[PDB]
file target-v2.cif (mmCIF, C-alpha atoms; chains and numbers go by the auth columns)
data_start
#
loop_
_atom_site.group_PDB
_atom_site.id
_atom_site.type_symbol
_atom_site.label_atom_id
_atom_site.label_comp_id
_atom_site.label_asym_id
_atom_site.label_seq_id
_atom_site.Cartn_x
_atom_site.Cartn_y
_atom_site.Cartn_z
_atom_site.B_iso_or_equiv
_atom_site.auth_seq_id
_atom_site.auth_asym_id
ATOM 1 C CA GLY A 1 20.749 -48.222 -53.700 0.00 1 V
ATOM 2 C CA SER A 2 21.464 -45.088 -55.719 0.00 2 V
ATOM 3 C CA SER A 3 21.880 -41.487 -54.567 0.00 3 V
ATOM 4 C CA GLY A 4 18.775 -39.514 -53.649 0.00 4 V
ATOM 5 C CA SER A 5 15.959 -39.802 -51.119 0.00 5 V
ATOM 6 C CA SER A 6 13.602 -42.393 -52.602 0.00 6 V
ATOM 7 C CA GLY A 7 16.278 -45.046 -53.016 0.00 7 V
ATOM 8 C CA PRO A 8 15.721 -48.566 -54.393 0.00 8 V
ATOM 9 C CA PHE A 9 12.378 -50.302 -54.920 0.00 9 V
ATOM 10 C CA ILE A 10 12.475 -51.838 -51.442 0.00 10 V
ATOM 11 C CA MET A 11 10.289 -49.989 -48.939 0.00 11 V
ATOM 12 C CA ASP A 12 11.946 -52.196 -46.321 0.00 12 V
ATOM 13 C CA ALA A 13 15.331 -53.921 -46.492 0.00 13 V
ATOM 14 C CA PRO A 14 16.531 -56.850 -44.341 0.00 14 V
ATOM 15 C CA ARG A 15 19.332 -56.507 -41.791 0.00 15 V
ATOM 16 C CA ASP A 16 21.686 -58.794 -39.868 0.00 16 V
ATOM 17 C CA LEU A 17 19.594 -60.832 -37.431 0.00 17 V
ATOM 18 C CA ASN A 18 20.619 -62.928 -34.427 0.00 18 V
ATOM 19 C CA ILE A 19 18.519 -65.932 -33.412 0.00 19 V
ATOM 20 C CA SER A 20 18.954 -69.292 -31.684 0.00 20 V
ATOM 21 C CA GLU A 21 18.774 -72.711 -33.342 0.00 21 V
ATOM 22 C CA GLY A 22 15.257 -74.129 -33.356 0.00 22 V
ATOM 23 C CA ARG A 23 13.380 -70.834 -33.204 0.00 23 V
ATOM 24 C CA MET A 24 11.107 -68.769 -35.450 0.00 24 V
ATOM 25 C CA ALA A 25 12.958 -66.066 -37.384 0.00 25 V
ATOM 26 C CA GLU A 26 12.002 -63.502 -40.026 0.00 26 V
ATOM 27 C CA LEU A 27 13.759 -61.094 -42.388 0.00 27 V
ATOM 28 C CA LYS A 28 12.339 -57.568 -42.548 0.00 28 V
ATOM 29 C CA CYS A 29 11.737 -57.001 -46.261 0.00 29 V
ATOM 30 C CA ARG A 30 9.005 -55.088 -48.090 0.00 30 V
ATOM 31 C CA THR A 31 8.345 -55.159 -51.836 0.00 31 V
ATOM 32 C CA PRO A 32 5.972 -53.136 -54.052 0.00 32 V
ATOM 33 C CA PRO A 33 3.030 -54.563 -56.040 0.00 33 V
ATOM 34 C CA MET A 34 3.520 -56.349 -59.362 0.00 34 V
ATOM 35 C CA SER A 35 7.109 -57.318 -58.552 0.00 35 V
ATOM 36 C CA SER A 36 9.160 -60.518 -58.406 0.00 36 V
ATOM 37 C CA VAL A 37 10.476 -61.162 -54.896 0.00 37 V
ATOM 38 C CA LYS A 38 12.873 -63.993 -54.060 0.00 38 V
ATOM 39 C CA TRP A 39 15.648 -65.024 -51.672 0.00 39 V
ATOM 40 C CA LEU A 40 19.092 -66.485 -52.361 0.00 40 V
ATOM 41 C CA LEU A 41 20.657 -68.918 -49.891 0.00 41 V
ATOM 42 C CA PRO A 42 24.375 -69.030 -48.992 0.00 42 V
ATOM 43 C CA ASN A 43 24.299 -72.672 -50.086 0.00 43 V
ATOM 44 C CA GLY A 44 23.876 -71.783 -53.748 0.00 44 V
ATOM 45 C CA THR A 45 20.135 -71.566 -54.351 0.00 45 V
ATOM 46 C CA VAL A 46 17.086 -69.293 -54.438 0.00 46 V
ATOM 47 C CA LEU A 47 13.479 -69.566 -53.262 0.00 47 V
ATOM 48 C CA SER A 48 10.282 -67.690 -54.116 0.00 48 V
ATOM 49 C CA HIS A 49 6.547 -67.558 -53.410 0.00 49 V
ATOM 50 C CA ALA A 50 6.155 -70.533 -55.747 0.00 50 V
ATOM 51 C CA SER A 51 8.623 -72.639 -53.761 0.00 51 V
ATOM 52 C CA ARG A 52 6.897 -75.010 -51.339 0.00 52 V
ATOM 53 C CA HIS A 53 9.738 -74.974 -48.810 0.00 53 V
ATOM 54 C CA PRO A 54 8.423 -75.742 -45.299 0.00 54 V
ATOM 55 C CA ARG A 55 11.021 -73.767 -43.346 0.00 55 V
ATOM 56 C CA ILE A 56 11.855 -70.956 -45.769 0.00 56 V
ATOM 57 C CA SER A 57 8.463 -69.356 -46.399 0.00 57 V
ATOM 58 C CA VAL A 58 8.167 -66.181 -48.471 0.00 58 V
ATOM 59 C CA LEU A 59 5.230 -64.130 -47.195 0.00 59 V
ATOM 60 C CA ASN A 60 3.236 -61.799 -49.446 0.00 60 V
ATOM 61 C CA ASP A 61 4.859 -58.544 -48.332 0.00 61 V
ATOM 62 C CA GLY A 62 8.136 -60.309 -49.055 0.00 62 V
ATOM 63 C CA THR A 63 9.341 -61.463 -45.646 0.00 63 V
ATOM 64 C CA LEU A 64 11.480 -64.577 -45.205 0.00 64 V
ATOM 65 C CA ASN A 65 10.156 -66.623 -42.283 0.00 65 V
ATOM 66 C CA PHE A 66 12.034 -69.576 -40.793 0.00 66 V
ATOM 67 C CA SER A 67 9.959 -72.179 -38.950 0.00 67 V
ATOM 68 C CA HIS A 68 13.217 -73.221 -37.287 0.00 68 V
ATOM 69 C CA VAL A 69 16.720 -72.032 -38.177 0.00 69 V
ATOM 70 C CA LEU A 70 19.559 -74.562 -38.074 0.00 70 V
ATOM 71 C CA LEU A 71 23.277 -74.242 -37.335 0.00 71 V
ATOM 72 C CA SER A 72 23.765 -75.069 -41.015 0.00 72 V
ATOM 73 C CA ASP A 73 21.411 -72.277 -42.074 0.00 73 V
ATOM 74 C CA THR A 74 23.841 -69.722 -40.646 0.00 74 V
ATOM 75 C CA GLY A 75 25.198 -67.525 -43.422 0.00 75 V
ATOM 76 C CA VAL A 76 24.141 -64.650 -45.666 0.00 76 V
ATOM 77 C CA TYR A 77 20.819 -64.171 -47.451 0.00 77 V
ATOM 78 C CA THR A 78 20.060 -61.903 -50.408 0.00 78 V
ATOM 79 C CA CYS A 79 16.607 -60.657 -51.403 0.00 79 V
ATOM 80 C CA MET A 80 16.152 -60.028 -55.127 0.00 80 V
ATOM 81 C CA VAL A 81 13.639 -57.438 -56.330 0.00 81 V
ATOM 82 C CA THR A 82 12.696 -57.120 -60.001 0.00 82 V
ATOM 83 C CA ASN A 83 10.083 -54.640 -61.220 0.00 83 V
ATOM 84 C CA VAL A 84 9.060 -53.313 -64.634 0.00 84 V
ATOM 85 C CA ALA A 85 10.355 -50.011 -63.264 0.00 85 V
ATOM 86 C CA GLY A 86 13.708 -51.090 -61.861 0.00 86 V
ATOM 87 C CA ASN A 87 15.736 -53.823 -60.179 0.00 87 V
ATOM 88 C CA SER A 88 17.242 -53.929 -56.686 0.00 88 V
ATOM 89 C CA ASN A 89 18.421 -56.406 -54.051 0.00 89 V
ATOM 90 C CA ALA A 90 19.552 -56.479 -50.421 0.00 90 V
ATOM 91 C CA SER A 91 21.705 -58.682 -48.189 0.00 91 V
ATOM 92 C CA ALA A 92 21.804 -59.754 -44.542 0.00 92 V
ATOM 93 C CA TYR A 93 23.502 -62.170 -42.144 0.00 93 V
ATOM 94 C CA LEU A 94 21.778 -64.705 -39.895 0.00 94 V
ATOM 95 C CA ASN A 95 23.458 -66.103 -36.781 0.00 95 V
ATOM 96 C CA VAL A 96 22.236 -69.415 -35.363 0.00 96 V
ATOM 97 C CA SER A 97 23.475 -70.473 -31.926 0.00 97 V
ATOM 98 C CA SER A 98 22.754 -73.994 -30.679 0.00 98 V
ATOM 99 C CA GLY A 99 20.667 -74.065 -27.514 0.00 99 V
ATOM 100 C CA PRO A 100 18.229 -71.610 -25.894 0.00 100 V
ATOM 101 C CA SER A 101 19.011 -68.118 -24.604 0.00 101 V
ATOM 102 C CA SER A 102 18.901 -68.889 -20.880 0.00 102 V
ATOM 103 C CA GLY A 103 21.194 -70.174 -18.148 0.00 103 V
#

call {"tool": "encode", "arguments": {"input": "target-v2.cif", "output": "structure tokens"}}
result
Amino acid sequence: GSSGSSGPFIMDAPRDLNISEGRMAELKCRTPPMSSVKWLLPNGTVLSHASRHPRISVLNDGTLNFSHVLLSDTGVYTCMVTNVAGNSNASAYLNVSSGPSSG
């Protein structure tokens, strides 16, 4: 993001999230109309609306849902945003702990 008040072309940017393994997670991310939204994985790859990934599903708004995060999914994700006006991207970390959140 650059100096100013408006900022990048991301109404909503993702932030470090903490979830357990085998649960539904989501990355807060909002993108404007007529824009290319995607997500890069810490494993060396990128997904997008087109992608037919079962777990990693990119919603319209531009949110990254996870049917069930795995201990191997733990890492850092980056959301790319390309628009005829400008280009911007954000990052975030996802923690996956094996087992539920109870005693």

call {"tool": "resolve_selection", "arguments": {"input": "target-v2.cif", "expression": "the PyMOL selection byres ((chain V and resi 38) around 6)", "output": "PyMOL selection string"}}
result
chain V and resi 37+39+47-48+79-80

call {"tool": "residues_near_point", "arguments": {"input": "target-v2.cif", "point": "(19.4, -65.4, -34.8)", "cutoff": "7 Å", "atoms": "all atoms listed in the file", "output": "PyMOL selection string"}}
result
chain V and resi 17-20+25+94-96

call {"tool": "residues_around", "arguments": {"input": "target-v2.cif", "residues": "residue 76 in chain V", "least_positions_apart": "5", "cutoff": "12 Å", "atoms": "all atoms listed in the file", "output": "NGL selection string"}}
result
:V and (14-18 or 27 or 39-45 or 90-96)

call {"tool": "atom_distance", "arguments": {"input": "target-v2.cif", "atom1": "CA of residue 61 in chain V", "atom2": "CA of residue 75 in chain V"}}
result
22.8 Å

call {"tool": "resolve_selection", "arguments": {"input": "target-v2.cif", "expression": "the PyMOL selection byres ((chain V and resi 36) around 6)", "output": "PDB file with C-alpha atoms, in the frame of the given file"}}
result
ATOM      1  CA  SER V  35       7.109 -57.318 -58.552  1.00  0.00           C
ATOM      2  CA  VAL V  37      10.476 -61.162 -54.896  1.00  0.00           C
ATOM      3  CA  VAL V  81      13.639 -57.438 -56.330  1.00  0.00           C
ATOM      4  CA  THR V  82      12.696 -57.120 -60.001  1.00  0.00           C
TER       5      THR V  82
END

call {"tool": "atom_distance", "arguments": {"input": "target-v2.cif", "atom1": "CA of residue 86 in chain V", "atom2": "CA of residue 9 in chain V"}}
result
7.1 Å

call {"tool": "resolve_selection", "arguments": {"input": "target-v2.cif", "expression": "the PyMOL selection byres ((chain V and resi 31) around 7)", "output": "JSON list (two decimals) with C-alpha atoms, keeping the file's coordinate frame"}}
result
[["chain", "number", "residue", "atom", "x", "y", "z"],
["V", 10, "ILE", "CA", 12.48, -51.84, -51.44],
["V", 11, "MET", "CA", 10.29, -49.99, -48.94],
["V", 29, "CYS", "CA", 11.74, -57.00, -46.26],
["V", 30, "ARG", "CA", 9.01, -55.09, -48.09],
["V", 32, "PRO", "CA", 5.97, -53.14, -54.05],
["V", 33, "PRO", "CA", 3.03, -54.56, -56.04],
["V", 61, "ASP", "CA", 4.86, -58.54, -48.33],
["V", 62, "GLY", "CA", 8.14, -60.31, -49.06]]

call {"tool": "atom_distance", "arguments": {"input": "target-v2.cif", "atom1": "CA of residue 7 in chain V", "atom2": "CA of residue 50 in chain V"}}
result
27.6 Å

call {"tool": "axis_aligned_box", "arguments": {"input": "target-v2.cif", "around": "range 21-36 of chain V", "padding_each_side": "6 Å", "output": "AutoDock Vina command-line options"}}
result
--center_x 10.9 --center_y -63.6 --center_z -46.3 --size_x 27.7 --size_y 33.0 --size_z 38.2

call {"tool": "closest_residue", "arguments": {"input": "target-v2.cif", "among": "V:85, V:6, V:67, V:77", "to": "residue 21 in chain V", "atoms": "all atoms listed in the file"}}
result
V:67

call {"tool": "closest_residue", "arguments": {"input": "target-v2.cif", "among": "V:34, V:22, V:72, V:64", "to": "residue 99 in chain V", "atoms": "all atoms listed in the file"}}
result
V:22

call {"tool": "closest_residue", "arguments": {"input": "target-v2.cif", "among": "V:102, V:89, V:97, V:65", "to": "residue 13 in chain V", "atoms": "only C-alpha atoms"}}
result
V:89

call {"tool": "closest_residue", "arguments": {"input": "target-v2.cif", "among": "V:12, V:87, V:51, V:26", "to": "residue 66 in chain V", "atoms": "all atoms listed in the file"}}
result
V:26
